Amino acid sequence: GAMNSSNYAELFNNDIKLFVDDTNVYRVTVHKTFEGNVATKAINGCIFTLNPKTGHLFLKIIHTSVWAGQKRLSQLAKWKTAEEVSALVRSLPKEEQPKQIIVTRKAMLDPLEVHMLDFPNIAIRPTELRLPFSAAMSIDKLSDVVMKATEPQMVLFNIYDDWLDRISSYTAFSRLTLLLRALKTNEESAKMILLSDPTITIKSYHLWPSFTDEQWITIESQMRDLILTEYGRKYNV
Amino acid sequence: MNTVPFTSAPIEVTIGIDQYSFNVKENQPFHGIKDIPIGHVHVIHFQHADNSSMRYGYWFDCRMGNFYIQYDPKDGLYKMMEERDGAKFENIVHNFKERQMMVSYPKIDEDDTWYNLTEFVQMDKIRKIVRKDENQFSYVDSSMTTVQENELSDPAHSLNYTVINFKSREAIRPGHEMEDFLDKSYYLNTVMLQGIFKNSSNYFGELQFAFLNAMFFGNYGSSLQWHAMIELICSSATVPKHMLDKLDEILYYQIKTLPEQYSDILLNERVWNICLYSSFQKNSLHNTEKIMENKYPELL
Ligand SMILES: NNc1ccc(Br)cn1
Ligand SMILES: NNc1ccc(Br)cn1
């Protein structure tokens, strides 16, 4: 059924699974019209489809042209997400297709379930975790590829860089979610922390800086402080 | 006017006939029910005084044969049977009528309730879901499960209602996922009406039958089938105008007839609130909405 803190290690077993997060599929700026009314302008978005074991991220870019002349866009966005996830599964070889797909938001369940009817053995699941995948657009290189897109496009990343060479997938996923939680609660401070030392660079083929093991501990520590800090600055504690 | 003769009444039982019911005491001199309106199906049902568990009964149509009730002390129930010897039967009935041992089906002349609840309910069709072909009448009880229930265990004793499932390949055209899931007109009009039921009368008949089994036997899977069939129409943007007018009448009389104290179980809050207030046909069920608001405003 639903995925939560009790069955958290199942993410890192050998049954292929994907997380799907649709938060950033339909993105708008809200503005005033000459007549003093409000209007939205859509900007490019993405589906965040992530294998939590391997780090493989299938970033389907959603070009604003997909909304042209469509109504009830927030509702369409969920079905478009489902259409694209289903098209992704069908494009994968059978032995790479997921056994489960976990949606981060419950409103995706019925749209994905209907689009995956042809895949009765793929279990579509919600989660009670509050995962920070909405902050994926705070990762500069992912934001850059979405905004520059001039057509629908799928880009493949490994969101863990080379981390799996040194750490387990459980640890890699805990780092990832800590970074993204920080970027979601205070993006500026989070990005300040990640780059404050000019000597640590981001490899052209990576997303995040090339920290040593020790430097990663210091980083992770500073990100938890930030999250606790903001939790105070928010609630005054 | 036709007659259903009871060999005897050896156990205390509440007897239903259509929407009417009467108590019979252990070994009371009861020998059946007379003056049954020809032209309609009928149901005659039973609830033993000792074990209110298992309401059971028999759908029948007096035009199709001479039918009688006799208690079976081995299986412990009142069984319907057919008498093929017409004169043996006329003579049995005439004697019990002369001795005034029968209750009269008590139809008020003004009263169209039973007609209105069974308008699309034929009896040869009833037997296509309650499969027992050696009999002209059909047994139903509280605990029989439907074909669809068994998919999610004895097949001979099942209710073979039409399977409706909104998240099935049958209901959803490839490439029309969103369209077909949010407006079910394709599934209603093409798959079910044109494909399976053939016409609105076969749709209405199954639906009316589902309701009556839910009300009379507390058959849960019937209740599920009745809600599903309502939800498929209400969730279709394109329904023939005659079907909506007729549906409004059908549901009106079903809601009118439901015992006031059984609404809590027999009525699905989500389905009704969706059908009356959110669905495409939210404005097309005036009579049904008005009786539901005046009779069961709590559900809503
Ligand atoms: N076996 N024939 C019949 C018919 C009617 C009644 Br009542 C009893 N026996
Ligand atoms: N209109 N004929 C029908 C259809 C279904 C059932 Br059950 C009964 N009579």
# chains A, B, ... in the order shown; residues from 1 in each chain; ligands from 1
call {"tool": "interface_residues", "arguments": {"of": "chain B", "to": "chain A", "cutoff": "10 Å", "atoms": "only C-alpha atoms", "output": "CSV table (one decimal) with N, CA, C and O atoms, in the first residue's frame"}}
result
chain,number,residue,atom,x,y,z
B,166,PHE,N,-14.7,1.0,-13.5
B,166,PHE,CA,-14.3,2.3,-14.1
B,166,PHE,C,-12.8,2.3,-14.4
B,166,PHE,O,-12.4,3.2,-15.2
B,167,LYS,N,-12.0,1.4,-13.9
B,167,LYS,CA,-10.5,1.4,-14.1
B,167,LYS,C,-10.2,0.1,-14.7
B,167,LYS,O,-9.5,-0.8,-14.1
B,168,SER,N,-10.8,-0.2,-15.9
B,168,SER,CA,-10.6,-1.4,-16.7
B,168,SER,C,-10.3,-1.0,-18.2
B,168,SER,O,-10.7,0.1,-18.6
B,169,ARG,N,-9.6,-1.9,-18.9
B,169,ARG,CA,-9.5,-1.7,-20.3
B,169,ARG,C,-10.8,-1.6,-21.0
B,169,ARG,O,-10.9,-0.9,-22.0
B,171,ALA,N,-13.4,-0.1,-19.9
B,171,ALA,CA,-14.0,1.3,-19.7
B,171,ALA,C,-13.1,2.4,-20.3
B,171,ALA,O,-13.7,3.5,-20.5
B,172,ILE,N,-11.9,2.1,-20.7
B,172,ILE,CA,-10.9,3.1,-21.1
B,172,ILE,C,-10.3,2.8,-22.4
B,172,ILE,O,-9.6,1.8,-22.6
B,174,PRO,N,-7.6,3.1,-25.2
B,174,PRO,CA,-6.2,3.5,-25.4
B,174,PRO,C,-6.1,4.9,-26.1
B,174,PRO,O,-6.8,5.1,-27.1
B,175,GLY,N,-5.3,5.8,-25.5
B,175,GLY,CA,-5.2,7.1,-26.0
B,175,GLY,C,-6.3,8.1,-25.6
B,175,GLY,O,-6.3,9.3,-26.0
B,176,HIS,N,-7.4,7.6,-25.0
B,176,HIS,CA,-8.4,8.4,-24.5
B,176,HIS,C,-8.5,8.3,-23.0
B,176,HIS,O,-9.6,8.4,-22.4
B,177,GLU,N,-7.4,8.0,-22.3
B,177,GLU,CA,-7.5,7.7,-20.9
B,177,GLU,C,-8.2,8.8,-20.1
B,177,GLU,O,-9.2,8.6,-19.5
B,178,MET,N,-7.6,10.0,-20.1
B,178,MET,CA,-8.2,11.1,-19.4
B,178,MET,C,-9.6,11.3,-19.8
B,178,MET,O,-10.6,11.4,-19.0
B,179,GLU,N,-9.8,11.4,-21.1
B,179,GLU,CA,-11.2,11.7,-21.6
B,179,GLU,C,-12.2,10.7,-21.1
B,179,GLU,O,-13.2,11.0,-20.6
B,180,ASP,N,-11.9,9.4,-21.2
B,180,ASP,CA,-12.8,8.3,-20.9
B,180,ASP,C,-13.0,8.1,-19.4
B,180,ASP,O,-14.1,7.7,-19.0
B,181,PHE,N,-12.0,8.5,-18.6
B,181,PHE,CA,-12.1,8.3,-17.2
B,181,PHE,C,-12.9,9.4,-16.5
B,181,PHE,O,-13.8,9.1,-15.6
call {"tool": "residues_around", "arguments": {"residues": "residue B:187", "least_positions_apart": "3", "cutoff": "9 Å", "atoms": "only C-alpha atoms", "output": "count of residues only"}}
result
14
call {"tool": "residues_near_ligand", "arguments": {"ligand": "ligand 1", "cutoff": "12 Å", "atoms": "only C-alpha atoms and all ligand atoms", "output": "ChimeraX atom specification"}}
result
/B:3-9,30-33,65-71,78-97,101-102
call {"tool": "write_last_selection", "arguments": {"atoms": "N, CA, C and O atoms", "output": "compact mmCIF listing (two decimals), in the first residue's frame"}}
result
# COMPACT_ATOMS: atom_id res chain seq x y z
N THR B 3 -52.31 -17.02 -7.88
CA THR B 3 -52.31 -17.52 -6.50
C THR B 3 -51.02 -18.31 -6.31
O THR B 3 -50.59 -19.04 -7.20
N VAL B 4 -50.36 -18.11 -5.18
CA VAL B 4 -49.21 -18.95 -4.86
C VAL B 4 -49.63 -19.66 -3.59
O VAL B 4 -49.61 -19.02 -2.54
N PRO B 5 -50.06 -21.01 -3.49
CA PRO B 5 -50.68 -22.05 -2.33
C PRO B 5 -49.40 -22.44 -1.58
O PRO B 5 -48.36 -22.56 -2.18
N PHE B 6 -49.51 -22.56 -0.28
CA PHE B 6 -48.42 -22.94 0.64
C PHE B 6 -48.90 -24.27 1.16
O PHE B 6 -50.05 -24.31 1.60
N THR B 7 -48.10 -25.32 1.08
CA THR B 7 -48.54 -26.63 1.57
C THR B 7 -48.91 -26.46 3.04
O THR B 7 -49.90 -27.07 3.41
N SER B 8 -48.15 -25.68 3.82
CA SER B 8 -48.38 -25.42 5.23
C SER B 8 -47.36 -24.37 5.64
O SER B 8 -46.45 -24.04 4.88
N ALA B 9 -47.46 -23.91 6.90
CA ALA B 9 -46.42 -23.09 7.52
C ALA B 9 -45.85 -23.67 8.82
O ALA B 9 -46.21 -23.18 9.91
N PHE B 30 -51.99 -21.25 7.50
CA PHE B 30 -51.75 -20.37 6.36
C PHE B 30 -51.52 -21.19 5.11
O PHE B 30 -50.67 -22.09 5.10
N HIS B 31 -52.25 -20.87 4.03
CA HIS B 31 -52.08 -21.66 2.82
C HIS B 31 -51.90 -20.82 1.57
O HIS B 31 -52.01 -21.33 0.45
N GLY B 32 -51.48 -19.59 1.75
CA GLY B 32 -50.79 -18.94 0.66
C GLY B 32 -51.32 -17.56 0.37
O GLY B 32 -51.97 -16.91 1.19
N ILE B 33 -51.03 -17.09 -0.82
CA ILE B 33 -51.28 -15.69 -1.16
C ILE B 33 -52.10 -15.70 -2.44
O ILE B 33 -51.73 -16.42 -3.38
N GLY B 65 -46.17 -20.31 -15.21
CA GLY B 65 -46.39 -21.58 -14.54
C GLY B 65 -47.16 -21.44 -13.25
O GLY B 65 -47.41 -20.33 -12.76
N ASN B 66 -47.57 -22.59 -12.71
CA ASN B 66 -48.31 -22.64 -11.45
C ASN B 66 -47.30 -22.96 -10.37
O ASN B 66 -46.68 -24.03 -10.41
N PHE B 67 -47.08 -22.02 -9.47
CA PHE B 67 -46.00 -22.14 -8.50
C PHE B 67 -46.60 -22.13 -7.10
O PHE B 67 -47.58 -21.43 -6.85
N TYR B 68 -45.97 -22.93 -6.21
CA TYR B 68 -46.41 -23.18 -4.82
C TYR B 68 -45.22 -23.17 -3.87
O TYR B 68 -44.09 -23.23 -4.32
N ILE B 69 -45.49 -23.02 -2.58
CA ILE B 69 -44.43 -22.99 -1.56
C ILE B 69 -44.63 -24.19 -0.64
O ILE B 69 -45.76 -24.48 -0.25
N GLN B 70 -43.60 -24.98 -0.35
CA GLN B 70 -43.71 -26.04 0.69
C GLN B 70 -42.44 -25.99 1.52
O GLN B 70 -41.36 -25.96 0.93
N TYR B 71 -42.56 -26.06 2.84
CA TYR B 71 -41.41 -26.08 3.74
C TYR B 71 -40.69 -27.42 3.57
O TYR B 71 -41.33 -28.45 3.42
N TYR B 78 -38.40 -22.69 3.22
CA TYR B 78 -39.55 -22.63 2.34
C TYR B 78 -39.07 -22.62 0.89
O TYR B 78 -38.31 -21.74 0.49
N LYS B 79 -39.43 -23.66 0.14
CA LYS B 79 -39.00 -23.83 -1.24
C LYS B 79 -40.13 -23.52 -2.20
O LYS B 79 -41.24 -23.99 -2.03
N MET B 80 -39.81 -22.83 -3.27
CA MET B 80 -40.79 -22.69 -4.33
C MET B 80 -40.74 -23.91 -5.24
O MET B 80 -39.66 -24.46 -5.51
N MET B 81 -41.91 -24.38 -5.68
CA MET B 81 -41.93 -25.46 -6.65
C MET B 81 -43.00 -25.21 -7.69
O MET B 81 -43.90 -24.38 -7.52
N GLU B 82 -42.84 -25.90 -8.81
CA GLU B 82 -43.79 -25.82 -9.90
C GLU B 82 -44.68 -27.04 -9.88
O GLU B 82 -44.20 -28.17 -9.74
N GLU B 83 -46.00 -26.84 -10.07
CA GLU B 83 -47.01 -27.92 -10.17
C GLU B 83 -47.35 -27.98 -11.66
O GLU B 83 -47.89 -26.99 -12.17
N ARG B 84 -47.00 -29.06 -12.37
CA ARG B 84 -47.27 -29.19 -13.79
C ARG B 84 -48.69 -29.66 -14.09
O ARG B 84 -49.19 -29.41 -15.19
N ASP B 85 -49.35 -30.31 -13.13
CA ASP B 85 -50.72 -30.81 -13.32
C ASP B 85 -51.70 -29.69 -13.04
O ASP B 85 -51.99 -29.36 -11.88
N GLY B 86 -52.23 -29.08 -14.09
CA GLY B 86 -52.99 -27.86 -13.92
C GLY B 86 -54.24 -28.03 -13.08
O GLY B 86 -54.58 -27.16 -12.28
N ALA B 87 -54.95 -29.15 -13.26
CA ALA B 87 -56.20 -29.36 -12.53
C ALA B 87 -55.93 -29.72 -11.07
O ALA B 87 -56.70 -29.36 -10.16
N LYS B 88 -54.86 -30.47 -10.81
CA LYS B 88 -54.48 -30.79 -9.41
C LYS B 88 -54.29 -29.46 -8.68
O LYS B 88 -54.80 -29.31 -7.56
N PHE B 89 -53.65 -28.51 -9.35
CA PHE B 89 -53.34 -27.16 -8.83
C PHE B 89 -54.61 -26.32 -8.67
O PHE B 89 -54.79 -25.79 -7.57
N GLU B 90 -55.43 -26.18 -9.71
CA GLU B 90 -56.67 -25.41 -9.58
C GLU B 90 -57.50 -25.92 -8.41
O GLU B 90 -58.07 -25.13 -7.65
N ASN B 91 -57.55 -27.24 -8.25
CA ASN B 91 -58.33 -27.85 -7.17
C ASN B 91 -57.72 -27.58 -5.80
O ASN B 91 -58.45 -27.41 -4.81
N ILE B 92 -56.40 -27.56 -5.72
CA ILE B 92 -55.71 -27.24 -4.44
C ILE B 92 -56.08 -25.80 -4.09
O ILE B 92 -56.56 -25.58 -2.97
N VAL B 93 -55.94 -24.87 -5.03
CA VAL B 93 -56.21 -23.46 -4.78
C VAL B 93 -57.69 -23.27 -4.43
O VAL B 93 -58.03 -22.63 -3.42
N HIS B 94 -58.58 -23.86 -5.21
CA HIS B 94 -60.00 -23.60 -4.96
C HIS B 94 -60.39 -24.00 -3.54
O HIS B 94 -61.08 -23.25 -2.84
N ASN B 95 -59.97 -25.19 -3.09
CA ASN B 95 -60.25 -25.62 -1.72
C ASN B 95 -59.69 -24.63 -0.70
O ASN B 95 -60.36 -24.30 0.30
N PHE B 96 -58.47 -24.18 -0.85
CA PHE B 96 -57.90 -23.29 0.18
C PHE B 96 -58.60 -21.92 0.10
O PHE B 96 -58.81 -21.32 1.15
N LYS B 97 -58.98 -21.45 -1.10
CA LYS B 97 -59.77 -20.22 -1.21
C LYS B 97 -61.12 -20.39 -0.53
O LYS B 97 -61.54 -19.55 0.27
N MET B 101 -58.17 -19.61 3.68
CA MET B 101 -56.88 -19.77 4.32
C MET B 101 -55.78 -19.00 3.61
O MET B 101 -54.60 -19.29 3.81
N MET B 102 -56.11 -18.03 2.77
CA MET B 102 -55.07 -17.31 2.04
C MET B 102 -55.16 -15.82 2.26
O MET B 102 -56.25 -15.27 2.36
call {"tool": "residues_around", "arguments": {"residues": "residue A:17", "least_positions_apart": "6", "cutoff": "6 Å", "atoms": "only C-alpha atoms", "output": "JSON list (two decimals) with C-alpha atoms, in the first residue's frame"}}
result
[["chain", "number", "residue", "atom", "x", "y", "z"],
["A", 51, "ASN", "CA", 15.14, 5.22, -9.33],
["A", 98, "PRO", "CA", 9.73, -1.01, -12.63],
["A", 99, "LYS", "CA", 7.87, -3.44, -10.36],
["A", 100, "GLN", "CA", 6.43, -0.49, -8.41],
["A", 101, "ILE", "CA", 5.91, 3.20, -9.06]]
call {"tool": "residues_near_ligand", "arguments": {"ligand": "ligand 2", "cutoff": "8 Å", "atoms": "only C-alpha atoms and all ligand atoms", "output": "list in words"}}
result
residues 120, 121, 122, 123, 124, 125, 126, 127, 128, 129, 161, 201, 202, 203, 204, 205, 206, 207, 208, 209 and 210 of chain B
call {"tool": "write_last_selection", "arguments": {"atoms": "N, CA and C atoms", "output": "tab-separated table (two decimals), in the first residue's frame"}}
result
chain	number	residue	atom	x	y	z
B	120	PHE	N	-38.94	-2.20	-16.00
B	120	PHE	CA	-38.01	-2.81	-16.99
B	120	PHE	C	-37.56	-4.20	-16.57
B	121	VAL	N	-38.18	-4.77	-15.54
B	121	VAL	CA	-37.79	-6.09	-15.00
B	121	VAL	C	-38.67	-7.19	-15.64
B	122	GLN	N	-38.10	-7.99	-16.55
B	122	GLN	CA	-38.77	-9.11	-17.25
B	122	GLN	C	-38.33	-10.38	-16.52
B	123	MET	N	-39.09	-11.55	-16.82
B	123	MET	CA	-38.57	-12.68	-15.89
B	123	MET	C	-37.58	-13.63	-16.55
B	124	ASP	N	-37.56	-13.78	-17.86
B	124	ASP	CA	-36.60	-14.68	-18.57
B	124	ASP	C	-35.19	-14.10	-18.42
B	125	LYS	N	-35.11	-12.77	-18.38
B	125	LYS	CA	-33.86	-11.97	-18.26
B	125	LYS	C	-33.25	-12.16	-16.86
B	126	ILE	N	-34.10	-12.22	-15.83
B	126	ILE	CA	-33.71	-12.35	-14.39
B	126	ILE	C	-32.83	-13.59	-14.20
B	127	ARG	N	-33.22	-14.68	-14.88
B	127	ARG	CA	-32.62	-16.04	-14.88
B	127	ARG	C	-31.25	-16.05	-15.56
B	128	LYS	N	-30.94	-15.05	-16.40
B	128	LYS	CA	-29.62	-14.85	-17.05
B	128	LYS	C	-28.62	-14.30	-16.01
B	129	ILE	N	-29.03	-13.83	-14.85
B	129	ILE	CA	-28.02	-13.52	-13.80
B	129	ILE	C	-28.06	-14.56	-12.67
B	161	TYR	N	-24.42	-10.45	-12.47
B	161	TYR	CA	-24.63	-9.09	-12.94
B	161	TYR	C	-23.55	-8.67	-13.95
B	201	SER	N	-33.67	-0.32	-21.89
B	201	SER	CA	-34.59	-1.20	-21.13
B	201	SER	C	-33.83	-2.34	-20.44
B	202	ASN	N	-32.85	-2.95	-21.11
B	202	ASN	CA	-32.01	-4.01	-20.49
B	202	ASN	C	-31.12	-3.38	-19.42
B	203	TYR	N	-30.63	-2.16	-19.64
B	203	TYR	CA	-29.81	-1.44	-18.62
B	203	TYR	C	-30.66	-1.19	-17.37
B	204	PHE	N	-31.87	-0.67	-17.58
B	204	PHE	CA	-32.79	-0.26	-16.50
B	204	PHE	C	-33.25	-1.49	-15.70
B	205	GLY	N	-33.53	-2.58	-16.41
B	205	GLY	CA	-34.04	-3.84	-15.83
B	205	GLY	C	-33.04	-4.45	-14.87
B	206	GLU	N	-31.78	-4.55	-15.29
B	206	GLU	CA	-30.75	-5.14	-14.42
B	206	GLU	C	-30.61	-4.29	-13.16
B	207	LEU	N	-30.57	-2.98	-13.39
B	207	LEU	CA	-30.43	-1.92	-12.38
B	207	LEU	C	-31.59	-1.95	-11.38
B	208	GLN	N	-32.82	-2.12	-11.85
B	208	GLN	CA	-34.03	-2.18	-10.98
B	208	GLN	C	-33.96	-3.46	-10.14
B	209	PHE	N	-33.53	-4.55	-10.75
B	209	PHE	CA	-33.39	-5.88	-10.13
B	209	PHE	C	-32.30	-5.83	-9.05
B	210	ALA	N	-31.19	-5.15	-9.34
B	210	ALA	CA	-30.08	-5.01	-8.39
B	210	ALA	C	-30.66	-4.35	-7.16
call {"tool": "residues_around", "arguments": {"residues": "residue B:229", "least_positions_apart": "4", "cutoff": "8 Å", "atoms": "only C-alpha atoms", "output": "list in words"}}
result
residues 164, 207, 225 and 233 of chain B
call {"tool": "residues_around", "arguments": {"residues": "stretch 258-264 of chain B", "least_positions_apart": "6", "cutoff": "12 Å", "atoms": "only C-alpha atoms", "output": "tab-separated table (two decimals) with N, CA, C and O atoms, in the first residue's frame"}}
result
chain	number	residue	atom	x	y	z
B	19	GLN	N	-43.60	-5.54	-2.02
B	19	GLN	CA	-43.27	-4.59	-0.95
B	19	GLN	C	-44.09	-4.83	0.34
B	19	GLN	O	-43.93	-4.09	1.31
B	20	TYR	N	-44.87	-5.90	0.41
B	20	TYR	CA	-45.72	-6.17	1.54
B	20	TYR	C	-45.13	-7.33	2.34
B	20	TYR	O	-44.33	-8.13	1.82
B	113	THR	N	-46.76	1.69	-7.14
B	113	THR	CA	-45.40	1.43	-6.64
B	113	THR	C	-44.76	0.21	-7.29
B	113	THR	O	-43.62	0.26	-7.73
B	117	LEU	N	-41.40	0.09	-9.65
B	117	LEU	CA	-40.13	-0.52	-9.23
B	117	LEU	C	-39.63	-1.64	-10.13
B	117	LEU	O	-38.43	-1.99	-10.10
B	211	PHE	N	-31.38	-3.24	-7.35
B	211	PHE	CA	-31.94	-2.50	-6.23
B	211	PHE	C	-32.83	-3.41	-5.40
B	211	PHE	O	-32.76	-3.39	-4.18
B	212	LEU	N	-33.71	-4.15	-6.03
B	212	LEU	CA	-34.71	-4.91	-5.27
B	212	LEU	C	-34.05	-6.02	-4.45
B	212	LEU	O	-34.47	-6.29	-3.32
B	213	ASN	N	-33.01	-6.65	-5.00
B	213	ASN	CA	-32.29	-7.66	-4.22
B	213	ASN	C	-31.57	-7.02	-3.06
B	213	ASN	O	-31.56	-7.59	-1.97
B	214	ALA	N	-30.99	-5.83	-3.25
B	214	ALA	CA	-30.36	-5.12	-2.13
B	214	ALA	C	-31.38	-4.82	-1.01
B	214	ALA	O	-31.10	-5.00	0.18
B	215	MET	N	-32.57	-4.33	-1.38
B	215	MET	CA	-33.56	-3.93	-0.38
B	215	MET	C	-34.21	-5.15	0.27
B	215	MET	O	-34.34	-5.24	1.51
B	216	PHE	N	-34.62	-6.10	-0.56
B	216	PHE	CA	-35.36	-7.18	0.04
B	216	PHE	C	-34.47	-8.16	0.79
B	216	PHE	O	-34.94	-8.70	1.80
B	217	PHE	N	-33.23	-8.44	0.34
B	217	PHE	CA	-32.36	-9.49	0.95
B	217	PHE	C	-31.16	-8.94	1.69
B	217	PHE	O	-30.40	-9.71	2.32
B	218	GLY	N	-31.01	-7.62	1.72
B	218	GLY	CA	-29.74	-7.03	2.14
B	218	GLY	C	-28.54	-7.64	1.44
B	218	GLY	O	-27.47	-7.80	2.02
B	223	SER	N	-26.40	-4.28	-4.03
B	223	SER	CA	-26.32	-2.88	-3.70
B	223	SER	C	-25.14	-2.24	-4.43
B	223	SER	O	-25.24	-1.12	-4.94
B	251	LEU	N	-35.28	6.09	-9.88
B	251	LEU	CA	-34.60	6.29	-8.60
B	251	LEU	C	-35.56	6.90	-7.61
B	251	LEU	O	-35.57	6.54	-6.44
B	252	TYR	N	-36.41	7.81	-8.08
B	252	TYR	CA	-37.42	8.41	-7.22
B	252	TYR	C	-38.20	7.36	-6.46
B	252	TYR	O	-38.29	7.39	-5.23
B	272	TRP	N	-24.03	8.97	-4.12
B	272	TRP	CA	-25.20	9.85	-4.24
B	272	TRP	C	-24.78	11.31	-4.27
B	272	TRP	O	-25.26	12.09	-5.12
B	291	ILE	N	-36.66	14.27	-3.44
B	291	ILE	CA	-37.01	13.31	-2.39
B	291	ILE	C	-35.78	12.99	-1.52
B	291	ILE	O	-35.91	12.82	-0.30
B	292	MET	N	-34.58	12.91	-2.09
B	292	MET	CA	-33.41	12.58	-1.26
B	292	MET	C	-33.14	13.66	-0.21
B	292	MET	O	-32.82	13.35	0.95
B	294	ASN	N	-35.40	15.76	1.10
B	294	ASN	CA	-36.44	15.82	2.11
B	294	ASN	C	-36.50	14.57	2.98
B	294	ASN	O	-36.98	14.64	4.12
B	295	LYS	N	-36.02	13.44	2.48
B	295	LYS	CA	-36.11	12.20	3.23
B	295	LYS	C	-34.80	11.82	3.90
B	295	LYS	O	-34.81	11.28	5.01
B	296	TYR	N	-33.68	12.10	3.26
B	296	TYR	CA	-32.39	11.72	3.83
B	296	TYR	C	-31.39	12.86	3.77
B	296	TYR	O	-30.30	12.67	3.24
B	297	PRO	N	-31.71	14.04	4.31
B	297	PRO	CA	-30.76	15.17	4.25
B	297	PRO	C	-29.47	14.92	5.02
B	297	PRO	O	-28.48	15.64	4.81
B	298	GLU	N	-29.44	13.92	5.90
B	298	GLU	CA	-28.23	13.63	6.66
B	298	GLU	C	-27.15	13.06	5.75
B	298	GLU	O	-26.00	13.51	5.77
B	299	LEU	N	-27.51	12.06	4.94
B	299	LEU	CA	-26.57	11.46	4.00
B	299	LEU	C	-25.80	12.51	3.20
B	299	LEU	O	-24.63	12.31	2.86
B	300	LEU	N	-26.43	13.65	2.93
B	300	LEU	CA	-25.85	14.68	2.08
B	300	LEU	C	-25.30	15.80	2.95
B	300	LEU	O	-25.43	16.97	2.63
call {"tool": "closest_residue", "arguments": {"among": "B:29, B:119, B:47, B:266", "to": "residue B:99", "atoms": "only C-alpha atoms"}}
result
B:29
call {"tool": "closest_residue", "arguments": {"among": "B:13, B:105, B:270, B:235", "to": "residue B:182", "atoms": "only C-alpha atoms"}}
result
B:235
call {"tool": "closest_residue", "arguments": {"among": "A:202, A:147, A:18, A:176", "to": "residue A:96", "atoms": "only C-alpha atoms"}}
result
A:18
call {"tool": "select_by_dssp", "arguments": {"residues": "stretch 17-170 of chain A", "states": "strand (DSSP E or B)", "output": "VMD selection string"}}
result
chain A and resid 17 to 21 27 to 32 38 to 43 45 to 50 56 to 62 100 to 103 123 to 125 127 153 to 158
call {"tool": "residues_around", "arguments": {"residues": "residue A:184", "least_positions_apart": "6", "cutoff": "12 Å", "atoms": "only C-alpha atoms", "output": "ChimeraX atom specification"}}
result
/A:130-139,177-178,190-191,223,226-227,230
call {"tool": "closest_atom_pairs", "arguments": {"of": "stretch 42-75 of chain A", "to": "stretch 166-174 of chain A", "cutoff": "9 Å", "atoms": "only C-alpha atoms", "output": "Markdown table"}}
result
| residue | atom | partner | partner_atom | distance |
| --- | --- | --- | --- | --- |
| A:52 | CA | A:173 | CA | 6.6 |
| A:53 | CA | A:169 | CA | 5.4 |
| A:54 | CA | A:169 | CA | 7.1 |
| A:55 | CA | A:169 | CA | 8.1 |
call {"tool": "residues_around", "arguments": {"residues": "stretch 44-46 of chain A", "least_positions_apart": "3", "cutoff": "8 Å", "atoms": "only C-alpha atoms", "output": "list in words"}}
result
residues 22, 24, 25, 26, 27, 59, 60, 61, 62, 63, 64, 146, 147 and 149 of chain A
call {"tool": "atom_distance", "arguments": {"atom1": "atom CA of residue A:124", "atom2": "atom CA of residue A:103"}}
result
7.5 Å
call {"tool": "closest_residue", "arguments": {"among": "B:286, B:243, B:118, B:10", "to": "residue B:73", "atoms": "only C-alpha atoms"}}
result
B:10
call {"tool": "atom_distance", "arguments": {"atom1": "atom CA of residue B:237", "atom2": "atom CA of residue B:279"}}
result
8.4 Å
call {"tool": "atom_distance", "arguments": {"atom1": "atom CA of residue B:234", "atom2": "atom CA of residue B:290"}}
result
16.3 Å
call {"tool": "closest_residue", "arguments": {"among": "A:237, A:121, A:127, A:47", "to": "residue A:77", "atoms": "only C-alpha atoms"}}
result
A:47
